[PDB]
Amino acid sequence: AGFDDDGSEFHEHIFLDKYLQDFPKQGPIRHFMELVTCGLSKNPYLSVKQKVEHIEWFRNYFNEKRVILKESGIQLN
Amino acid sequence: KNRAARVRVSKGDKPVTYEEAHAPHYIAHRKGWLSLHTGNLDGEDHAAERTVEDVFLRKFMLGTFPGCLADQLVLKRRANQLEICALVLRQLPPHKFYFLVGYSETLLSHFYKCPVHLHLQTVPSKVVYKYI
Amino acid sequence: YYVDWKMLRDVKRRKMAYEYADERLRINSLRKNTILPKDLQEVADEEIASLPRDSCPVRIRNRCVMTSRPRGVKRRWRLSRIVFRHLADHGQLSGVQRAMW
Amino acid sequence: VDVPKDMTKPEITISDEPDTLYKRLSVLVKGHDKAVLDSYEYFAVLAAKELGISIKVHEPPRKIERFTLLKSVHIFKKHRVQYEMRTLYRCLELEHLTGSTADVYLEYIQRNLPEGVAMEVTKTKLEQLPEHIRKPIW
Amino acid sequence: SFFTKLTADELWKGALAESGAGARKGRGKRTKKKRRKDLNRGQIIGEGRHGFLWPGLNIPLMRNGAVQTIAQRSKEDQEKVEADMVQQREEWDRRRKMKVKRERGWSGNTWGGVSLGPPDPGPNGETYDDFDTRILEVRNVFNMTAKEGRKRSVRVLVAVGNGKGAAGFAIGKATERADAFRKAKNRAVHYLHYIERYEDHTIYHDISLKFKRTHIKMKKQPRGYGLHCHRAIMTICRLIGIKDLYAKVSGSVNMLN
Amino acid sequence: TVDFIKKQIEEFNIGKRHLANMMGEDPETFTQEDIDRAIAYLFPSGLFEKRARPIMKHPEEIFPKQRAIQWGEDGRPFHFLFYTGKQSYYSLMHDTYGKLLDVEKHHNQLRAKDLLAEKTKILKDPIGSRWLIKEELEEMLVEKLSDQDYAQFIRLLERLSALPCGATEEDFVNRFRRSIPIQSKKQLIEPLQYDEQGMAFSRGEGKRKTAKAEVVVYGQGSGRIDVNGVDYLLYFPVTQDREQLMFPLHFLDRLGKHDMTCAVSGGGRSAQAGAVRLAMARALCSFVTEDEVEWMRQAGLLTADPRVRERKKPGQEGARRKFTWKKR
Amino acid sequence: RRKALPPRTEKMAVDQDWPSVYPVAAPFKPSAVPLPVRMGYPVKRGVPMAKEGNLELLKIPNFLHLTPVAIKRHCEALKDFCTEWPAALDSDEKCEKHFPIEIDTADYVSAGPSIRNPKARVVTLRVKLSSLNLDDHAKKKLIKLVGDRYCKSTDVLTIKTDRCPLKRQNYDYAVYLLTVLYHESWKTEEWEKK
Amino acid sequence: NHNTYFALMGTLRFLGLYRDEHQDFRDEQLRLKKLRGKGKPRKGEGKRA
Amino acid sequence: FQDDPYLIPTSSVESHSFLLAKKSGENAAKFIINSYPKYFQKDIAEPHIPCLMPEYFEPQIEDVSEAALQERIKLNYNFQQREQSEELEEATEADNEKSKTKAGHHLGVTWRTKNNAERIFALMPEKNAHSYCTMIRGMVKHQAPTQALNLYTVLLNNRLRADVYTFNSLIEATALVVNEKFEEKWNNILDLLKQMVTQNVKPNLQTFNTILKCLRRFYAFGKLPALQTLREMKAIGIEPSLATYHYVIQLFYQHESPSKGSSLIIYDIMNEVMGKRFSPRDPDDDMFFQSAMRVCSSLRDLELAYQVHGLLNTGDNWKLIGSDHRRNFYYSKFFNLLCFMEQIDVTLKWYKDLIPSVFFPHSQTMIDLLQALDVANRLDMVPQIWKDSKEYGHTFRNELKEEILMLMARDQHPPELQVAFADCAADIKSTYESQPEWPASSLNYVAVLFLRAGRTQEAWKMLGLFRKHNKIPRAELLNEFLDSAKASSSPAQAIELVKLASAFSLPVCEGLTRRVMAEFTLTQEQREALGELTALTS
RNA sequence: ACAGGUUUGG
RNA sequence: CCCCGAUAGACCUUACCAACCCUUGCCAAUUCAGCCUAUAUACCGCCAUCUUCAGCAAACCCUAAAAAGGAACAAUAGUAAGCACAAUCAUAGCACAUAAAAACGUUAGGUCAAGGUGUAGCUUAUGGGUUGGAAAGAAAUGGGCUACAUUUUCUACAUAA
Ligand SMILES: [Mg+2]
Ligand SMILES: [Mg+2]
Ligand SMILES: [Mg+2]
Ligand SMILES: [Mg+2]
Ligand SMILES: [Mg+2]
Ligand SMILES: [Mg+2]
Ligand SMILES: [Mg+2]
Ligand SMILES: [Mg+2]
Ligand SMILES: [Mg+2]
Ligand SMILES: [Mg+2]
Ligand SMILES: [Mg+2]
Ligand SMILES: [Mg+2]
Ligand SMILES: [Mg+2]
Ligand SMILES: [Mg+2]
Ligand SMILES: [Mg+2]
Ligand SMILES: [Mg+2]
Ligand SMILES: [Mg+2]
Ligand SMILES: [Mg+2]
Ligand SMILES: [Mg+2]
Ligand SMILES: [Mg+2]
Ligand SMILES: [Mg+2]
Ligand SMILES: [Mg+2]
Ligand SMILES: [Mg+2]
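Residues numbered from 1 in each chain as written, not as in the entry; some residues may be left out. Chains lettered and ligands numbered in written order. Part of a larger assembly, values for the part shown. Heavy atoms only, no water. Residues with missing side-chain atoms left out of burial classes, pairs and counts.

- In the PDB archive, cryo-EM is given as the structure determination method for this entry, at a resolution of 3.0 Å.

Here it is as structure tokens:
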């Protein structure tokens, strides 16, 4: 009573693949981020807004540290 | 020797209440608990919050009604509203008793974000159970 | 005031951990995996070492709320073994009674 | 002799939405002592026989949580004080409930719940079938 | 820091150390000065440090027929109230530091010869208002107990008398000195002698008696020889009514004999 | 305290009427079994001691027997034995001795006239009569009692019962007699049941050391046991557990005369063997006469085994084994 | 000036209705209860303490507002809110063929200021597989698709969802799982032929 | 928050609604100590002055 | 109130004072909550109740002159500096900013209003809808209605229609002033009522509630247009509120004294409004029952008082009376009719549910309850009312004690009612001689309560306490008690009576000295007959 | 001597 | 007393030390905060031991004086409230057993370091923060686990290999 979770539904919590478009599909970034999305899908304590800054923090960190991803030998965007 | 919650026997002239005349090993046998809530159940939570709130109510009422409190408070907790049952001596006039109850009924409510009830039973003197 | 200076330090440690909870979570997400190449993991280790000391949840000490005892406390009531007895013997704790069996 | 007149003014509407159905409604009330649970069981069964719900009552096994603490303050470990927390359970099984009947029952049940007991309400909601399973082919 | 506080009852119980383990056997008595002060004696529940005047506690509820709002005293008025509050403290400490007065029976630091008041009334309702009593001897008697050891018990000898010839004596023994005093006052009336006084001032003849080991020689005297006797025999005869007597105690001078 | 109890009785009657009004029962038929029942519901106190619960009874059971006044307004006592301390007990002893002397003189005159019309009316064994206890005498005589005077009164009562009894003496000596529960430990025998066209079907329940065992017995089949769906040979590989199964059957010589199916749970192998032993023994009572079930209970088949593991005590090892106590 | 007022007991009528003085849960004021009740352990020569100043009668929860007359009078006015249960479902044999979907929903109550209980998000779905339109291949694929969530003895599929924060979200997600588990069981892929 | 409870109860004691016997006992003992003559020295003159 | 007897209110002033003390503690606690908000900012309840959160008195923005006023208008004296601090920087105020500022003066707040009225008009061309709502409602309380009729002419000229609330105050601003003329001032209201419909604004309930608020003070014969307006209230389709009937019943009470024919119009108007369920939608509904039941209490009508009570207990038993003064004035004159009209059984039945439960009566109902027993000869209930009147009318005891004991001189004293005449006569004598003027008539009653009771001992000791009080009664008491001394054969009493009675020059001493001669012969006290003659001569 | 203090767990 | 405070030490815990910083320095205010500084030989709160021993004890009464003692059941000065013992309660039926309880006092017994504290001492320091270290065993000893096997060891397994 009194908690609506911003009026969100289950398709805003369980399905988080629509936020992984700014990431390499065949690289290890997908292998790693699919795990954080599987965790955020089974995290009932976080909101649909709170998961977004998590995936955005990863989007920002990986796009900020570009030299190590290119010197690691595997290509990533 | 056991000394917890135990008033030592004097020469035979001290007045003691029914709650003090019984050792702590008599709780739930001859005397009951001064507070009732659900946090102390098996699969329940939020127990320490109720313990600290109860101890704050005790230490607050001991200062709010000085020297005129007969015995300990009865803190009943039932459905989001907390009732406080007190036994008070008829040392203060009702004009001040009503001021105090009306002040606490709103101070505790605004401090604990929950409805509180305050009930006072005034006695002529401290009820003696054992030797006096 | 508080009960003790060490409790005043522990509440500050808990506030610092509550402030740096998410950053350490996202940094540990980069170390507790094997998919990422090992090059960035050392930089993540230096990033997590550059964080303030009182930020890790390992520095918190579950002391008593009444007397701030670092040991002999129960997690359910957050009370030391002495204050818990002092409140249970007076009948001020519901459902608690002396075990006789 | 001074009885008020026209004291009943309820606001009850009947919405066109189909009322929800319930197969089995279990109420598990837990407490510390047995007397309050017994009087509350008597009160609940007398409140259910009037609305005609045919409640069934049984007593689940109790749970005793015991622990051991030190008796003295500084150093005495051979002498301990053992504390105990008894938890008694009472099960009220209601069958063939409706959406508003269960509401009017839990209204008179929960508003009158004692202070030292708690209540676990398990509802078995009744449904026929969702829309995409009636007769679909992909 | 608010939950670390206790009640004034336990604070005084921990401060005065009345139930200490050292003052039990007799190691104390060095600093025999114990005084407990009640802190809520002249503490009005309405007044405070800020000087707020609440309509329900400090000031009356209705003034001029209207309601009273939350008001606050001025600084000089609060200084006047705190000056009265501080003055009450020394007013009470003056009544505390002053010792009430005692009457010395035989010397300044003895109980022999001091007045103990009329004895307590009987159960049937008889009141002894004309009776006066005097303590003759107080002695701390000790007994050897198995557990505690030396068991000090005060034994008191008290004599009652009205001044018309009726007088008696008794011994009261108790753990407390006032309890022994009462046990001897209420027990001395049950053993009352009647002393024949010639002309109500002297005895009829010179008596020379020999008790267990005490020799008493008392001689009849005229109206001008007023109570030239032992310091306790003078008190006993002053309780009896004998105004003229000469007594000489030889041998043992035991008070009871 | 003669008036206080009188006022408490009026207040209790008003409380009884009010209780019947709020409970909704007719106040005329409202009895104590409804008073305590309404108190247990209105004030549901959960406490282990029964005397600490809320109770509302007539004041004559709550308040103890108060002593009546002993002297009038002029001070003269009423009874002639008031200056003896125990004016009720000594008066009872005086009346008993006065009736003993009356029986003695009447029997002497009857022996002088050579007439024997009295009988022995002291043997009350088939009735089950006993003497009053000290508490039962302290309830009749309001004043306190001791041991020596009670034994003296009993020894005078037997002296009075050892003589030729009169008419009014027997009704006086009877009022100090108490009738003793049933002195019979004979267990209840279950009747033979017939379920689903099956003859000679009985059931028994046993429990020993946290092991519950229910055994059904058919007296028309051959000798074999089926426990938890598997035979007893594969369920009890040890010969001792199967000897526990042979114990109750060999005692009645019904080895190859009964089929049995058991359901045991909890405990270990010997605890299960003892639970099924007790259940089979309690279930075989229906198929046997009354003389042999008594031999079973005198041989230890129908009685439980209260030997349960004791709880470990704090500061010890095995609830008896103490720690190594160092002298120095 | 001290004043001592006698209680209502001297004014309480013998036929006065009881629910009028105790409408709701009350702290058992001894001045408004005309019943003389003695509660407490007695003294060897004394009696249990009276109701006046008795903390024992104040510790226990009183049921003076739930007497049989008051509960009958309360439910007689509550009979207007409920609806009548259709007698067409008296036995569960017809309830299984009419409403084969069962939704187990949990609800808790606890004394305190907070209401959020993390066990409230749990929604259980129970569907009997003998009431669907599964074919042989669809059923034999759905069994291995669910795994241990479906039992063979009772033949009931159970869905245990706890990932969503809200109970309505967990319900909608359980129905979504039921829809996808019924749909994807009919699609035969290329790796099924081996 | 122990500071909330402490400041609330102390402000209520200064306003005249709560009566803290523990703090009153502390003030009584401190007053008698300062009247005896051993009080609290000023910050900056304990060691030097 | 607290259910404990030590806190239960005894009298009505106590019932008022206990609630006022409790509200004083509520507001004292709320003052602490508002003064120290940081001690309550921590929220523990999940639903986040706003009612228990502290309220803030400070404005958020102080530098911005536009943002500084919207916060201060809602929270008197500080609001006055906001307009000056905004105009110090020559900030342009819109038509929506200063309207609430003028309303903040028109709600709270004679020359400062003019200094504020020049600033709303001279500074900016404000909209008249935000002009009249402040000026008309502010200048009405300042006793200066001349400005409304000046502003109305500019309002009608600015081509803007007048809202419904403007005529709610213009008819008052026109009517309150009367200088030897009434017809013109009543005609102006008809002109404004006729122009209301021409302005295409439907007048709500308040205009037809205020025309009857204006027709009350001036003319008592103005009932004709009041009834016509009450008949026009029913044609449009809106129901008239309770105060609308109250303003009719008040003037009908003003016209009911010289002619009782108008009371039937008061009687047949309530029968149609009692037939439906009402609701307090008009804040002036507090005087309605105060006027509707005072007419029945004045005209002595109980059959209609039963229906004016049923109209109270029909819809809302408590939401129609605001202050306790009118409730206390209500139940006193309600009980004033139930005593002598209807029977004693129903009066005593309505006594125990009204007096100790709802409210305690004043000094007036005590006299009616006393007039209720002596007409029907009810003596078994006199002590029950007496013991209640101690705790109910203890303040008025010194003015009702002369009338509470007089009834015993009119009825008979049965031989069974002696202890009720004894205990009540002892409990009144135990209090006055221990502290309070004592009336002399109560001795004439206490001498007849003990006459038929056969108790002359306790009856004689009382008179010695009055004759020593330096006040002497009439000789009828002495002559009556002489018959008791004659029947008890006690001659030593009249010899101590007449020797202290003849010394103070009583008018019937010639009768007392004759009545003693007849008792001396039957007592055979002829020796003491002439003994007092010698003392009366000496 | 009108005496008092002082031996001892007492 | 010796797997005892501690049902519990990498930083924190930690009160210890070395280097460095701050001194109305947690609180609304306070010539004030704060001290794990000394005193358990000033204490309260909690316990150990006699101790599963039954005695302690208010109010009285008696003794050819009384420091103290107070009993004879075919009875010789003893009545005695109360606290202990006992009974009851708990280990969901009794009985048993266990658990619990065990007064007044002895050991100035343990605990200023659960917490507050009387007295005496610190206040640019015996107070408050950060970093780094608090080893190691020449040796003795208490309590436990593992064994020193054949009634043993390994494997599958209820115990017939
Ligand atoms: Mg500290
Ligand atoms: Mg840790
Ligand atoms: Mg001297
Ligand atoms: Mg000498
Ligand atoms: Mg072992
Ligand atoms: Mg010697
Ligand atoms: Mg460090
Ligand atoms: Mg360390
Ligand atoms: Mg330090
Ligand atoms: Mg010690
Ligand atoms: Mg004994
Ligand atoms: Mg003796
Ligand atoms: Mg005794
Ligand atoms: Mg039992
Ligand atoms: Mg036993
Ligand atoms: Mg034990
Ligand atoms: Mg015992
Ligand atoms: Mg020591
Ligand atoms: Mg030490
Ligand atoms: Mg300390
Ligand atoms: Mg130390
Ligand atoms: Mg070693
Ligand atoms: Mg050990």
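1. Looking at the sheet that holds strand β7 (residues 259-265) of chain F
All names here are of chain F.
Turning to step 1, where the next piece is worked out: Ordered in space as β3-β4-β7-β5-β6, the 5 strands form an open sheet in which the pairing is mixed. Lying at the two open borders of the sheet, with one neighbouring strand each, are β3 (201-207) and β6 (230-231).
Turning to step 2, where the next piece is worked out: Alignment of strand β4 (residues 212-218) against β7, held across 7 bridges, turns out to be antiparallel. Across the sheet, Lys-212 pairs through a bridge with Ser-265, a residue of β7. (Pairing = 2+ DSSP bridges. Helix = DSSP H or I, 4+ residues; strand = E, 2+ residues; numbered from the N terminus.)

2. A closer look at the protein's contact with RNA strand K
Turning to step 1, where the next piece is worked out: Surrounding RNA strand K, one finds 125 residues, the nearest of these being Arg6(B), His29(B), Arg9(C), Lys173(E) and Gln152(F).
Turning to step 2, where the next piece is worked out: Contacts to RNA strand K include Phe48(F), whose backbone N or O atom sits 3.4 Å from a sugar or linking oxygen.
Turning to step 3, where the next piece is worked out: Contacts to RNA strand K include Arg36(H), whose side-chain N or O atom sits 2.7 Å from a phosphate oxygen.
Turning to step 4, where the next piece is worked out: Looking at side-chain class alone, the surface near RNA strand K contains 38 nonpolar, 27 polar and 60 charged residues. (Near = heavy atom within 4 Å. Polar contact = N/O pair within 3.5 Å; in protein donor to acceptor, adjacent residues only side chain to side chain. Nonpolar A, V, L, I, M, F, W, Y, C, P; charged D, E, K, R; others polar.)

3. Describing the packing of aromatic side chains
Turning to step 1, where the next piece is worked out: Taken as a whole and judged by the stated rule, the model has 71 aromatic pairs over all chains.
Turning to step 2, where the next piece is worked out: Measuring from ring centre to ring centre gives 4.7 Å for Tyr18(B) and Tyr129(B), while their planes differ by 70°; the resulting arrangement is edge-to-face. Placement of the pair is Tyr18(B) in the segment before β1 (35-36) and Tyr129(B) in the segment after β4 (116-123), with a sequence separation of 111 residues. The pair formed by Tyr18(B) and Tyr129(B) is uniform in burial state, with each residue classed as buried.
Turning to step 3, where the next piece is worked out: Centroid distance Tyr198(E) to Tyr204(E): 5.6 Å. Interplanar angle 65°. Geometry classified as edge-to-face. (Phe/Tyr/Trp six-rings, centres within 6.5 Å; stacked < 30°, edge-to-face > 60°. Buried < 20%, exposed > 50% of the residue type's maximum accessible area, 1.4 Å probe, protein only.)

4. Points about the nonpolar core
Turning to step 1, where the next piece is worked out: Counting 114 residues, the largest nonpolar core has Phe334(I), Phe335(I), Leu443(I) and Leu478(I) as the members making the most contacts within it.
Turning to step 2, where the next piece is worked out: Here this core takes 7 residues from helix α12 (residues 242-256) of chain I, the largest share from any one element. (Core = buried A, V, L, I, M, F, W, Y, C linked by side-chain atoms within 4.5 Å.)

5. Looking at the UniProt feature "domain: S5 DRBM" (unreviewed entry) in chain E
Turning to step 1, where the next piece is worked out: Taking the UniProt record as the reference, the feature "domain: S5 DRBM" (unreviewed entry) is found at residues 131-195 of chain E.
Turning to step 2, where the next piece is worked out: A helix fraction of 18% and a strand fraction of 55% characterise residues 131-195 of chain E, whose end C-alpha atoms lie 15 Å from each other. (UniProt positions renumbered as here; feature names shortened; annotations may be inferred.)

6. Concerning the protein's contact with RNA strand J
Residue and element names in this part refer to chain E.
Turning to step 1, where the next piece is worked out: With respect to spatial proximity, 13 residues lie near RNA strand J, and among them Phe-142, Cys-229, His-230, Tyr-246 and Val-249 are the closest.
Turning to step 2, where the next piece is worked out: Close to the protein, within 4 Å, the atoms of RNA strand J belong to sugar or phosphate groups at a rate of 82%.
Turning to step 3, where the next piece is worked out: Here a base nitrogen of RNA strand J sits 3.0 Å away from a polar atom, N or O, in the main chain of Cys-229.
Turning to step 4, where the next piece is worked out: A distance of 3.1 Å is found between a phosphate oxygen of RNA strand J and a backbone nitrogen or oxygen belonging to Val-249.
Turning to step 5, where the next piece is worked out: Those elements giving two or more residues to the surface near RNA strand J turn out to be β5 (132-144), α4 (231-240) and β11 (246-251).
Turning to step 6, where the next piece is worked out: Broken down by class, the residue content of the surface near RNA strand J amounts to 8 nonpolar, 2 polar and 3 charged.

7. Side note on the interface of chain H and chain C
Turning to step 1, where the next piece is worked out: Each side of the interface is counted separately: chain H has 4 residues, and chain C has 5 residues.
Turning to step 2, where the next piece is worked out: If you sort the residues of chain H by the area they bury against chain C, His2(H), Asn3(H) and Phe6(H) come out on top, with a joint share of 93%.
Turning to step 3, where the next piece is worked out: Where chain H touches chain C, the interface holds 1 residue pair in polar contact. (Contact = heavy atoms within 4.5 Å. Buried area = accessible area lost by both parts, 1.4 Å probe.)

8. Quick look at the interface of chain G and chain D
Many authors give the size of an interface as the accessible area that is lost as the parts come together.
Turning to step 1, where the next piece is worked out: On the side of chain D, 43 residues touch chain G, which itself brings 44 residues to the contact.
Turning to step 2, where the next piece is worked out: Summing the contributions of chain G and of chain D, the shared interface buries around 4,200 Å²; its carbon and sulfur component is 67%.
Turning to step 3, where the next piece is worked out: Remark: the boundary between chain G and chain D carries 1 salt bridge.
Turning to step 4, where the next piece is worked out: Across the pair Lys23(D) and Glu96(G) runs a salt bridge whose closest N-O atoms are separated by 3.6 Å.
Turning to step 5, where the next piece is worked out: Where chain G touches chain D, the interface holds 11 residue pairs in polar contact.
Turning to step 6, where the next piece is worked out: Among the secondary structure elements, those contributing two or more residues to the side of chain G that touches chain D are α2 (68-78), α3 (92-98), β1 (101-109) and α5 (167-183) of chain G. (Salt bridge = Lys/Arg side-chain N within 4 Å of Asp/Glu carboxyl O.)

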